[PDB]
4 protein chains.
Amino acid sequence: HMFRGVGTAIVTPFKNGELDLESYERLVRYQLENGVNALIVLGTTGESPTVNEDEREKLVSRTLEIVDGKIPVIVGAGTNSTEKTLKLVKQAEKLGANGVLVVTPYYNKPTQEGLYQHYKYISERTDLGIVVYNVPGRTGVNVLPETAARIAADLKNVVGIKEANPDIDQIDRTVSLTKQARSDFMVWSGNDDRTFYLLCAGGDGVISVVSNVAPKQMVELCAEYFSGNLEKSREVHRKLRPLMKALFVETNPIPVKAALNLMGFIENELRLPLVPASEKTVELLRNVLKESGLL
Amino acid sequence: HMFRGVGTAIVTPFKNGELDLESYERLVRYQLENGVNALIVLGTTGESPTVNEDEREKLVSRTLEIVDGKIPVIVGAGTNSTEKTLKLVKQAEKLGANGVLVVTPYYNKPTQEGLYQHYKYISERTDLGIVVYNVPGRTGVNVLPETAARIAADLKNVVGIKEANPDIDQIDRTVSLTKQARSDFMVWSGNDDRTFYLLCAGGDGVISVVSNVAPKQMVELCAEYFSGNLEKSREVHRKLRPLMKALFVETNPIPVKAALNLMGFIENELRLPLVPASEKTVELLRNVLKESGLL
Amino acid sequence: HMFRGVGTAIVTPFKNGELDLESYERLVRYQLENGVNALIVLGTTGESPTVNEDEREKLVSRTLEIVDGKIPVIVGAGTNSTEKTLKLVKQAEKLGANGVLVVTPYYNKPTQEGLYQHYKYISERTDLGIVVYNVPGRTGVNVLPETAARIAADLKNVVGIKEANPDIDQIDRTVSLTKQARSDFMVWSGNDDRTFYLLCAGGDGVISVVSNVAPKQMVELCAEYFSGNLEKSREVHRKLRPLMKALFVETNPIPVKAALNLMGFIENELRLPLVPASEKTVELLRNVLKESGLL
Amino acid sequence: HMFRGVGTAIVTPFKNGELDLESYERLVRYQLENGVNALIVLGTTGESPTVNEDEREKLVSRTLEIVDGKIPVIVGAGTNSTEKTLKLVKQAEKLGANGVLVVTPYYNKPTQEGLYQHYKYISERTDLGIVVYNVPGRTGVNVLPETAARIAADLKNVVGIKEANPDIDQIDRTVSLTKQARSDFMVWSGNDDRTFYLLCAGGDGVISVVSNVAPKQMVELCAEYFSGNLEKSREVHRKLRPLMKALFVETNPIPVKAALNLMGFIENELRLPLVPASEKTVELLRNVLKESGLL
Ligand SMILES: [Ca+2]
Ligand SMILES: [Ca+2]
């Protein structure tokens with residue numbers, strides 16, 4: 001099942017364009033100390049498109065070393081080639097990852113059957129737990145709820161889905177249909193500002209961007225819900241809304257890296273084609289961070 | 001300037017899991033015999049995500065030797081990492097490609113400045129002509145006409161854009177603003193069913209999927225326009241409509257490969273996550289190809 | 001406050017193209033007997049565009065007569081002219097309606113300020129409670145949450161909003177911002193399939209189409225939520241989903257009238273430009289009604 | 001066939017709450033002096049929702065006497081009730097209007113068959129020429145090209161369509177399919193900034209907002225096209241772009257009325273729920289009108 005609650009989609013810090021593991025380790029310790037229940041390394045938020053294979057090995061191994069088996073480490077490993085995706089999955093397995101996060105193939109817009117065949121191929125060839133990641137605004141393809149349910153029903157190794165389609169109809173149906181196919185199938189929000197409603201739909205938490213900066217608050221949002229305090233969960237959601245929105249005024253992780261820098265955790269460096277946040281975004285983040293008690 | 005008229009985004013035929021260069025060459029001669037003005041190899045129509053490094057080199061080298069300088073060979077070489085893109089570009093340059101088609105970074109949704117910096121970084125480090133490729137439905141990002149025009153103004157090496165945003169306002173403005181910044185900047189449609197309108201806007205032709213099966217007719221659509229025969233060009237556009245629509249009932253190149261197979265050119269073989277066309281798709285194609293005289 | 005829970009947006013039955021008050025009265029008694037908390041007469045679901053002024057008077061008066069003051073009767077009275085809207089509002093007032101439902105002006109796409117001025121003008125000129133009705137898919141204009149909050153803050157007579165924008169971000173913000181402006185401001189869902197999530201957002205119920213056929217079940221959905229049984233509320237929502245969806249496979253109230261006819265309540269008659277449900281829709285409704293225990 | 005070229009959707013000037021027929025006549029002469037081929041009175045540009053019955057009659061009667069048969073006067077007469085629409089149509093017919101513009105029923109989202117039945121019901125009961133008006137952004141419904149073509153095929157009295165769906169595929173298909181069903185069926189753009197492309201598609205001109213302020217230039221755009229000068233027509237299109245865009249920065253006719261007021265034609269007076277243009281809008285207009293030579 002991997003986890004319930006908050007899994008942080010952690011940034012990949014750079015300094016002088018190189019991996020900055022000393023800043024990374026400070027960030028991992030902040031997550032651990034604030035009750036986060038998983039780390040997702042090398043997702044979109046960690047600039048997976050621009051981190052090379054040798055760097056991935058170093059980052060994955062170092063994350064496993066710091067965490068000491070306390071929470072699972074889930075490694076982004078999806079590409080738009082089924083063959084190449086398996087290769088990345090087998091690399092994460094060999095490094096000792098606890099699962100992989102595998103985005104639907106981006107850019108080549110596979111059919112629903114193609115998506116099924118992609119995950120099947122991978123599932124039949126690894127012992128690792130696999131999390132489907134649906135994010136149509138980035139990939140150009142949406143996993144239909146029925147397709148996710150078919151994957152749940154058939155592929156024992158696929159243990160859950162990160163649902164980043166923001167449509168509440170999609171969220172409602174993904175949760176309902178997958179859990180009907182397999183009661184233990186996990187459904188985590190892929191959007192911080194949908195976590196509350198995804199919990200209400202009956203899902204399992206969030207694979208979060210906001211938790212990079214506000215881990216305790218995102219943890220509290222889920223924890224209050226799980227404890228039966230719907231209205232207190234909703235209040236956390238409402239208090240976090242400005243931060244949730246600010247972190248996406250430019251493409252993630254541009255804002256979250258500027259935020260982590262303001263907070264003193266990392267240098268504000270990204271790799272091309274990503275570039276640092278505009279002054280307007282930084283100014284907004286500074287204000288919102290201050291208002292939220294994070295600065 | 002590369003070319004005006006039709007540039008065929010050619011498929012990559014496979015047979016029993018490997019490149020099928022014999023069928024590829026038949027298809028290349030079919031293009032050349034029918035007046036096509038350029039080949040774009042290893043675009044999305046050419047299943048670029050699933051063609052390995054060895055295969056890319058062989059496919060480009062073979063194309064260059066078949067074509068024998070009669071028309072330019074432009075090689076798809078864009079990824080969502082600026083670093084990796086440059087490598088693919090330099091590889092094409094080393095083989096003797098006449099140009100590269102470089103899609104906007106997909107999945108990571110770079111800002112407009114990031115897009116500019118991406119093309120600037122590559123432009124400064126190759127002597128090849130570069131064609132920007134905008135296809136927001138696949139990539140998750142839209143190159144603004146104003147960004148295209150800045151690119152045209154500043155980057156001598158970027159010679160044009162394949163405009164696959166289907167919005168006629170975008171088509172109108174890309175053509176208008178790029179040519180204002182640089183009169184010889186080329187603008188080719190990236191949608192067959194926008195070619196006619198893009199010509200009417202002041203553009204330079206099309207980088208086509210349909211011309212895989214109907215090269216003479218796409219050539220004619222452009223030729224008639226260019227000769228001043230607007231209504232004749234419109235009539236070819238209208239006659240081709242069913243074929244243009246049929247080739248996108250499932251994600252390209254699933255239908256076009258089925259079509260080429262029906263016509264006896266290639267084996268109907270794709271690589272995961274793509275899968276062969278449905279029976280319903282094949283039925284439509286069989287009927288449309290007959291009506292068009294192609295079967 | 002009008003009501004919490006379920007307010008039925010009741011159909012206007014016709015026979016031989018005339019108002020059919022005998023069938024209407026049977027339908028009102030069904031609502032009353034099943035615990036509905038309000039009736040909304042002459043909304044979209046009651047074909048307000050095609051019911052003439054003399055008919056409106058008869059229908060409103062007859063509804064008040066049958067209900068005997070047991071629940072409020074809220075009359076649709078919004079048009080796209082501010083002057084004409086007031087006239088309809090004053091007519092409903094004079095007939096003894098308990099409130100009015102006033103859609104944002106459709107077709108002429110007023111500015112946000114225009115919307116404020118429209119509701120202000122009306123509010124300053126009636127003693128009745130006014131419910132704003134936001135339904136951008138029909139009107140071409142969306143009331144921004146901030147605009148609804150400004151109306152809440154300023155116009156004491158505007159007592160709530162029927163929120164039919166299906167976007168969960170809109171629903172979340174409409175509830176949050178209006179209740180922050182005025183704690184007693186009511187927010188009802190305008191979409192049956194958003195009621196659950198609108199309750200979770202902290203809203204007040206639903207102005208329902210589905211309750212025409214399944215009043216007890218929609219009442220149970222809200223009642224369970226209000227009683228603190230989130231999971232039981234969600235289960236009602238899930239069981240009703242097929243019916244919720246079926247009632248909108250063609251424009252409402254085309255499906256709901258076909259459903260009421262299958263159930264024996266009304267003739268399946270609409271006024272032009274509306275026409276009866278297709279056989280496909282009827283077949284679906286028959287199945288879904290049967291599965292739901294309504295047939 | 002009514003006309004080819006430009007038909008001005010003329011504003012309805014108000015002064016101190018009443019019709020301003022003196023300014024209206026100045027504006028009518030401005031149109032006639034500058035070669036406009038038709039007037040459309042009481043369209044949405046003419047604030048049809050807020051003009052009362054007495055005022056409609058006076059405005060139509062005055063227009064007919066000013067124009068004195070030089071060009072056709074087509075009267076906006078469509079509502080979302082088939083019954084009421086027919087009344088407005090017959091009223092226009094009684095006054096001596098040359099035609100009626102009949103928008104698809106807004107707000108109630110009729111099915112395609114309902115749309116057909118709506119126009120059939122009216123067509124069978126008037127001798128006037130009827131122009132279908134499709135503007136999905138305002139009405140919530142899109143007339144499918146196939147429905148337009150059935151209408152063209154069957155209803156002798158329906159003489160054309162004002163196509164304000166901005167999607168070039170819709171424009172292409174409406175023109176293609178209607179003219180195939182009936183060669184003399186007229187197709188006019190309902191968006192100024194689509195006129196050029198609609199002409200290129202095979203259409204017959206435009207029912208224009210811009211021509212309120214720039215009648216000669218819209219006439220020229222069409223005239224050049226019709227004379228075979230495609231690039232000259234495109235150049236006028238490009239030169240007019242800023243004005244075309246500026247007139248829709250707020251909902252039409254808010255900007256055009258501000259523009260006409262700047263030019264000294266009318267008082268900048270609208271009826272609720274419309275309100276005068278913002279300072280920012282007026283600033284843009286002042287600048288764009290100057291650059292265009294109109295101020
Ligand atoms: Ca350790
Ligand atoms: Ca009574």
# chains A, B, ... in the order shown; residues from 1 in each chain; ligands from 1

$ interface_residues --of "chain D" --to "chain B" --cutoff "12 Å" --atoms "only C-alpha atoms" --output "PyMOL selection string"
chain D and resi 166-173+175-177+180+191+193-203+225+228-235+237-239+241-242+245

$ residues_around --residues "residue 133 in chain D" --least-positions-apart "3" --cutoff "7 Å" --atoms "only C-alpha atoms" --output "ChimeraX atom specification"
/D:101-104,161-163

$ residues_near_ligand --ligand "ligand 2" --cutoff "12 Å" --atoms "only C-alpha atoms and all ligand atoms" --output "VMD selection string"
chain C and resid 25 29 61 to 70

$ write_last_selection --atoms "C-alpha atoms" --output "compact mmCIF listing (two decimals), in the first residue's frame"
# COMPACT_ATOMS: atom_id res chain seq x y z
CA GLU C 25 -50.39 18.54 -8.23
CA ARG C 29 -47.65 15.79 -3.40
CA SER C 61 -50.59 30.32 -7.18
CA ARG C 62 -51.44 26.64 -7.46
CA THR C 63 -48.07 25.60 -5.93
CA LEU C 64 -48.65 27.91 -2.95
CA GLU C 65 -52.17 26.47 -2.55
CA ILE C 66 -51.04 22.82 -2.48
CA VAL C 67 -48.02 23.34 -0.18
CA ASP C 68 -50.05 25.04 2.53
CA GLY C 69 -47.02 26.97 3.88
CA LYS C 70 -45.23 23.70 4.74

$ residues_around --residues "residue 99 in chain C" --least-positions-apart "6" --cutoff "9 Å" --atoms "only C-alpha atoms" --output "VMD selection string"
chain C and resid 2 72 to 76 89 92 to 93 128 to 131

$ write_last_selection --atoms "N, CA, C and O atoms" --output "PDB file, in the first residue's frame"
ATOM      1  N   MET C   2     -34.352  30.427   3.761  1.00  0.00           N
ATOM      2  CA  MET C   2     -35.133  29.633   2.793  1.00  0.00           C
ATOM      3  C   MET C   2     -35.184  28.168   3.254  1.00  0.00           C
ATOM      4  O   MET C   2     -36.209  27.694   3.777  1.00  0.00           O
ATOM      5  N   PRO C  72     -41.016  26.472   1.663  1.00  0.00           N
ATOM      6  CA  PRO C  72     -41.043  27.662   0.815  1.00  0.00           C
ATOM      7  C   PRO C  72     -41.182  27.355  -0.640  1.00  0.00           C
ATOM      8  O   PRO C  72     -40.682  26.276  -1.134  1.00  0.00           O
ATOM      9  N   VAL C  73     -41.817  28.299  -1.347  1.00  0.00           N
ATOM     10  CA  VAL C  73     -41.974  28.226  -2.793  1.00  0.00           C
ATOM     11  C   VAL C  73     -41.174  29.386  -3.356  1.00  0.00           C
ATOM     12  O   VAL C  73     -41.445  30.552  -3.076  1.00  0.00           O
ATOM     13  N   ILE C  74     -40.160  29.027  -4.101  1.00  0.00           N
ATOM     14  CA  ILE C  74     -39.197  29.927  -4.673  1.00  0.00           C
ATOM     15  C   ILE C  74     -39.428  29.933  -6.200  1.00  0.00           C
ATOM     16  O   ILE C  74     -39.415  28.889  -6.818  1.00  0.00           O
ATOM     17  N   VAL C  75     -39.631  31.114  -6.768  1.00  0.00           N
ATOM     18  CA  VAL C  75     -40.054  31.279  -8.153  1.00  0.00           C
ATOM     19  C   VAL C  75     -38.896  31.824  -8.990  1.00  0.00           C
ATOM     20  O   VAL C  75     -38.271  32.830  -8.621  1.00  0.00           O
ATOM     21  N   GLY C  76     -38.572  31.130 -10.062  1.00  0.00           N
ATOM     22  CA  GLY C  76     -37.658  31.652 -11.055  1.00  0.00           C
ATOM     23  C   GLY C  76     -38.186  32.948 -11.676  1.00  0.00           C
ATOM     24  O   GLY C  76     -39.308  32.994 -12.109  1.00  0.00           O
ATOM     25  N   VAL C  89     -39.978  39.724 -10.669  1.00  0.00           N
ATOM     26  CA  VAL C  89     -39.770  39.590  -9.218  1.00  0.00           C
ATOM     27  C   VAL C  89     -40.960  40.182  -8.470  1.00  0.00           C
ATOM     28  O   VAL C  89     -41.540  39.545  -7.592  1.00  0.00           O
ATOM     29  N   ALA C  92     -43.945  37.843  -8.699  1.00  0.00           N
ATOM     30  CA  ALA C  92     -43.840  36.731  -7.750  1.00  0.00           C
ATOM     31  C   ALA C  92     -44.120  37.180  -6.332  1.00  0.00           C
ATOM     32  O   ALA C  92     -44.828  36.487  -5.586  1.00  0.00           O
ATOM     33  N   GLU C  93     -43.574  38.351  -5.946  1.00  0.00           N
ATOM     34  CA  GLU C  93     -43.850  38.920  -4.639  1.00  0.00           C
ATOM     35  C   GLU C  93     -45.352  39.065  -4.450  1.00  0.00           C
ATOM     36  O   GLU C  93     -45.940  38.594  -3.458  1.00  0.00           O
ATOM     37  N   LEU C 128     -38.599  40.607  -1.018  1.00  0.00           N
ATOM     38  CA  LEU C 128     -38.377  39.164  -1.111  1.00  0.00           C
ATOM     39  C   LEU C 128     -36.912  38.782  -1.005  1.00  0.00           C
ATOM     40  O   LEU C 128     -36.029  39.545  -1.403  1.00  0.00           O
ATOM     41  N   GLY C 129     -36.678  37.582  -0.496  1.00  0.00           N
ATOM     42  CA  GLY C 129     -35.374  36.943  -0.548  1.00  0.00           C
ATOM     43  C   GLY C 129     -35.028  36.514  -1.979  1.00  0.00           C
ATOM     44  O   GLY C 129     -35.865  35.944  -2.692  1.00  0.00           O
ATOM     45  N   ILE C 130     -33.787  36.784  -2.391  1.00  0.00           N
ATOM     46  CA  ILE C 130     -33.345  36.565  -3.752  1.00  0.00           C
ATOM     47  C   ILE C 130     -32.207  35.546  -3.701  1.00  0.00           C
ATOM     48  O   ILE C 130     -31.256  35.691  -2.935  1.00  0.00           O
ATOM     49  N   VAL C 131     -32.260  34.553  -4.574  1.00  0.00           N
ATOM     50  CA  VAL C 131     -31.213  33.586  -4.739  1.00  0.00           C
ATOM     51  C   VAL C 131     -30.545  33.797  -6.136  1.00  0.00           C
ATOM     52  O   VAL C 131     -31.204  33.693  -7.155  1.00  0.00           O
TER      53      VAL C 131
END

$ residues_around --residues "range 151-159 of chain D" --least-positions-apart "2" --cutoff "7 Å" --atoms "only C-alpha atoms" --output "PyMOL selection string"
chain D and resi 1+116+120+123+127-131+147-149+178+181-182+185-186

$ select_by_dssp --residues "range 81-246 of chain C" --states "alpha helix (DSSP H)" --output "PyMOL selection string"
chain C and resi 82-95+112-123+136-139+145-154+168-181+195-201+215-226+230-246

$ closest_residue --among "B:254, B:218, B:36, B:210" --to "residue 276 in chain B" --atoms "only C-alpha atoms"
B:254

$ residues_around --residues "residue 141 in chain D" --least-positions-apart "4" --cutoff "10 Å" --atoms "only C-alpha atoms" --output "PyMOL selection string"
(chain C and resi 137-138) or (chain D and resi 104-112+115+134-137)

$ write_last_selection --atoms "N, CA and C atoms" --output "PDB file, in the first residue's frame"
ATOM      1  N   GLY C 137     -22.538  27.474 -18.234  1.00  0.00           N
ATOM      2  CA  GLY C 137     -22.732  26.650 -19.427  1.00  0.00           C
ATOM      3  C   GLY C 137     -23.997  26.974 -20.219  1.00  0.00           C
ATOM      4  N   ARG C 138     -24.992  27.528 -19.541  1.00  0.00           N
ATOM      5  CA  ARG C 138     -26.221  28.003 -20.184  1.00  0.00           C
ATOM      6  C   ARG C 138     -26.230  29.511 -20.511  1.00  0.00           C
TER       7      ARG C 138
ATOM      8  N   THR D 104     -30.138  31.195 -32.628  1.00  0.00           N
ATOM      9  CA  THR D 104     -30.497  29.938 -31.971  1.00  0.00           C
ATOM     10  C   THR D 104     -30.986  30.213 -30.533  1.00  0.00           C
ATOM     11  N   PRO D 105     -32.083  29.595 -30.088  1.00  0.00           N
ATOM     12  CA  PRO D 105     -32.521  29.705 -28.682  1.00  0.00           C
ATOM     13  C   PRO D 105     -31.365  29.568 -27.703  1.00  0.00           C
ATOM     14  N   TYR D 106     -31.186  30.622 -26.896  1.00  0.00           N
ATOM     15  CA  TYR D 106     -30.189  30.677 -25.855  1.00  0.00           C
ATOM     16  C   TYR D 106     -30.716  30.157 -24.520  1.00  0.00           C
ATOM     17  N   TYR D 107     -29.786  29.732 -23.648  1.00  0.00           N
ATOM     18  CA  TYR D 107     -30.066  29.361 -22.264  1.00  0.00           C
ATOM     19  C   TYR D 107     -30.710  27.996 -22.092  1.00  0.00           C
ATOM     20  N   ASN D 108     -31.692  27.665 -22.934  1.00  0.00           N
ATOM     21  CA  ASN D 108     -32.384  26.361 -22.848  1.00  0.00           C
ATOM     22  C   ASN D 108     -31.742  25.227 -23.664  1.00  0.00           C
ATOM     23  N   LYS D 109     -30.683  25.494 -24.420  1.00  0.00           N
ATOM     24  CA  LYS D 109     -29.847  24.435 -25.037  1.00  0.00           C
ATOM     25  C   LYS D 109     -30.628  23.341 -25.788  1.00  0.00           C
ATOM     26  N   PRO D 110     -31.397  23.754 -26.783  1.00  0.00           N
ATOM     27  CA  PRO D 110     -32.219  22.810 -27.527  1.00  0.00           C
ATOM     28  C   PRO D 110     -31.331  21.800 -28.234  1.00  0.00           C
ATOM     29  N   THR D 111     -31.871  20.617 -28.451  1.00  0.00           N
ATOM     30  CA  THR D 111     -31.203  19.605 -29.250  1.00  0.00           C
ATOM     31  C   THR D 111     -31.120  20.061 -30.706  1.00  0.00           C
ATOM     32  N   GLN D 112     -30.376  19.314 -31.527  1.00  0.00           N
ATOM     33  CA  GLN D 112     -30.272  19.670 -32.928  1.00  0.00           C
ATOM     34  C   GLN D 112     -31.625  19.578 -33.638  1.00  0.00           C
ATOM     35  N   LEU D 115     -33.639  22.591 -32.739  1.00  0.00           N
ATOM     36  CA  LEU D 115     -33.234  23.731 -33.559  1.00  0.00           C
ATOM     37  C   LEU D 115     -33.897  23.670 -34.932  1.00  0.00           C
ATOM     38  N   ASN D 134     -25.766  31.622 -35.279  1.00  0.00           N
ATOM     39  CA  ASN D 134     -25.033  30.702 -34.388  1.00  0.00           C
ATOM     40  C   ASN D 134     -23.918  31.427 -33.619  1.00  0.00           C
ATOM     41  N   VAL D 135     -24.029  31.481 -32.288  1.00  0.00           N
ATOM     42  CA  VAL D 135     -23.030  32.152 -31.441  1.00  0.00           C
ATOM     43  C   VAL D 135     -22.961  31.413 -30.127  1.00  0.00           C
ATOM     44  N   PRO D 136     -22.343  30.227 -30.137  1.00  0.00           N
ATOM     45  CA  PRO D 136     -22.361  29.334 -28.991  1.00  0.00           C
ATOM     46  C   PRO D 136     -21.826  29.919 -27.717  1.00  0.00           C
ATOM     47  N   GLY D 137     -20.866  30.852 -27.819  1.00  0.00           N
ATOM     48  CA  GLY D 137     -20.288  31.496 -26.621  1.00  0.00           C
ATOM     49  C   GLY D 137     -21.308  32.302 -25.838  1.00  0.00           C
TER      50      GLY D 137
END

$ select_by_dssp --residues "range 100-204 of chain C" --states "strand (DSSP E or B)" --output "CSV table (one decimal) with N, CA and C atoms, in the first residue's frame"
chain,number,residue,atom,x,y,z
C,100,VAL,N,-37.3,34.4,-4.7
C,100,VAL,CA,-37.1,34.3,-6.1
C,100,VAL,C,-35.7,33.8,-6.4
C,101,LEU,N,-35.6,33.0,-7.5
C,101,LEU,CA,-34.4,32.5,-8.0
C,101,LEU,C,-34.1,33.3,-9.3
C,102,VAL,N,-33.0,34.0,-9.3
C,102,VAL,CA,-32.7,35.0,-10.4
C,102,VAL,C,-31.4,34.7,-11.1
C,103,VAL,N,-31.5,34.1,-12.2
C,103,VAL,CA,-30.4,33.7,-13.0
C,103,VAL,C,-29.6,34.9,-13.4
C,130,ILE,N,-33.8,36.8,-2.4
C,130,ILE,CA,-33.3,36.6,-3.8
C,130,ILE,C,-32.2,35.5,-3.7
C,131,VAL,N,-32.3,34.6,-4.6
C,131,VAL,CA,-31.2,33.6,-4.7
C,131,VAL,C,-30.5,33.8,-6.1
C,132,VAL,N,-29.3,34.1,-6.2
C,132,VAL,CA,-28.5,34.2,-7.4
C,132,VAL,C,-28.3,32.8,-7.9
C,133,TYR,N,-28.5,32.7,-9.2
C,133,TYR,CA,-28.3,31.4,-9.9
C,133,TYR,C,-27.2,31.6,-11.0
C,134,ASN,N,-26.1,30.8,-10.8
C,134,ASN,CA,-24.9,30.8,-11.6
C,134,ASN,C,-24.8,29.5,-12.4
C,158,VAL,N,-30.4,39.5,-0.8
C,158,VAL,CA,-29.8,38.4,-1.5
C,158,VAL,C,-29.4,37.4,-0.4
C,159,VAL,N,-30.1,36.3,-0.3
C,159,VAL,CA,-29.9,35.4,0.8
C,159,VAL,C,-29.1,34.1,0.5
C,160,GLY,N,-28.8,33.9,-0.8
C,160,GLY,CA,-28.0,32.8,-1.2
C,160,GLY,C,-27.7,32.7,-2.7
C,161,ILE,N,-27.0,31.6,-3.0
C,161,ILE,CA,-26.6,31.3,-4.4
C,161,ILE,C,-26.8,29.8,-4.8
C,162,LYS,N,-27.4,29.6,-5.9
C,162,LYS,CA,-27.4,28.3,-6.5
C,162,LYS,C,-26.2,28.2,-7.5
C,163,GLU,N,-25.2,27.4,-7.1
C,163,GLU,CA,-24.0,27.3,-7.8
C,163,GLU,C,-24.0,26.1,-8.7
C,186,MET,N,-26.4,31.5,2.1
C,186,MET,CA,-26.7,30.1,1.7
C,186,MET,C,-26.0,29.8,0.4
C,187,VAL,N,-25.5,28.6,0.3
C,187,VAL,CA,-24.9,28.2,-1.0
C,187,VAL,C,-25.4,26.7,-1.2
C,188,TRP,N,-26.2,26.6,-2.3
C,188,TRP,CA,-26.8,25.3,-2.7
C,188,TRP,C,-26.2,24.9,-4.0
C,189,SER,N,-26.0,23.6,-4.1
C,189,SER,CA,-25.5,23.1,-5.4
C,189,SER,C,-26.6,23.3,-6.5

$ residues_around --residues "residue 271 in chain A" --least-positions-apart "5" --cutoff "8 Å" --atoms "only C-alpha atoms" --output "PDB file with N, CA and C atoms, in the first residue's frame"
ATOM      1  N   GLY A  17      24.679  24.323 -11.255  1.00  0.00           N
ATOM      2  CA  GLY A  17      24.141  23.374 -12.201  1.00  0.00           C
ATOM      3  C   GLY A  17      24.379  21.921 -11.871  1.00  0.00           C
ATOM      4  N   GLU A  47      12.406  17.617 -11.322  1.00  0.00           N
ATOM      5  CA  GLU A  47      13.075  17.874 -12.624  1.00  0.00           C
ATOM      6  C   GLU A  47      13.624  16.616 -13.273  1.00  0.00           C
ATOM      7  N   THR A  50      15.574  16.514 -16.706  1.00  0.00           N
ATOM      8  CA  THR A  50      16.906  17.056 -16.850  1.00  0.00           C
ATOM      9  C   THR A  50      17.979  16.469 -15.918  1.00  0.00           C
TER      10      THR A  50
END

$ residues_around --residues "residue 281 in chain B" --least-positions-apart "4" --cutoff "7 Å" --atoms "only C-alpha atoms" --output "list in words"
residues 255, 277 and 285 of chain B

$ atom_distance --atom1 "CA of residue 122 in chain D" --atom2 "CA of residue 269 in chain C"
19.7 Å
